[PDB]
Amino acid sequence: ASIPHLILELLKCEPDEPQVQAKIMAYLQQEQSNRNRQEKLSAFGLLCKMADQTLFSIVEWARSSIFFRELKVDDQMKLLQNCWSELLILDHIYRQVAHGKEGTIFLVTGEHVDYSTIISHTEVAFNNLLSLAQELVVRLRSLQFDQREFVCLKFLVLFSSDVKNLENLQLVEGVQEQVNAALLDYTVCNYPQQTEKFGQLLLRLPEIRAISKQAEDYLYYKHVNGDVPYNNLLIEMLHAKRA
């Protein structure tokens, strides 16, 4: 169907959206449901909670992915610690492009939560991030960003050659060339009228990066003052470097 082998292989590693939104969703009910009122059920904090869950999901996806599954645990940890927030942001973005609308945010659980709302129960420093993310959503919606392209970017974000002290550097650099070539082949063959979808798609990664940077600083700032419950995974990841 004019779809390069590599990409079809990358699509088989994708999780099944519904079963993921269900699991996570459940986990949250199983949460509140317990401490019915005494604790902290504020807005923002609920986000961190799902972000932490969206994270286990990313780890799961990577763990079962075609080339990543051949790396030793040390390298897998290095690659994941280097892009965990980018994968989150990318994920959130592709979800809005594929299942979002006007001014409504489609959460990982499957719940739409009017953009308007979210912006009224959160601080501006958070509001600004979300909005930075929503700008990309608009661009990517105009570029006809599809799932096949979405999986290619996940691998381009995960298999970064700019990570140092990797045991098997050649493999990471191999995957990287394997995917770029695939994404190029695909976008020109499937969207030939769009002169530079390829170039345009790649321009998004440094933007996704710069956003995950502000994201992490905000999170870190909110954590240094009990404004974040606890997410052994969110916080752990957050303390891989920290400066």
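The first residue of the sequence shown is number 1, and the count goes up from there.
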Original post:
What stretch has the higher average Cα B-factor here, 37 to 45 or 55 to 63?
Top reply: 37 to 45
**OP:** Higher average CA B factor in the deposited record is what I'm after, so tell me if that's 121 to 129 or 89 to 97.
**Re:** 121 to 129
Original post:
Among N82, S116, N168, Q147, where is the Cα temperature factor highest, going by the PDB entry?
Top reply: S116
**OP:** Go through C189, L28, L205, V179 one by one and give the residue whose Cα B-factor in the PDB entry is largest.
**Re:** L28
Subject >> Cα B factor band for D75 (lowest, middle or highest third within the chain) >> reply: lowest
Original post:
Taking the C-alpha B-factors as the PDB entry records them, is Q200 in the lowest, middle or highest third of its chain?
Top reply: lowest
Original post:
With respect to C-alpha B-factor, does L158 fall in the lowest, middle or highest third of the chain as deposited?
Top reply: lowest
Original post:
C-alpha B factor of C152, ranked within the chain: lowest, middle or highest third?
Top reply: lowest
**OP:** Compare the C-alpha B factor of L10 with those of the other modelled residues in its chain, then answer lowest, middle or highest third.
**Re:** lowest
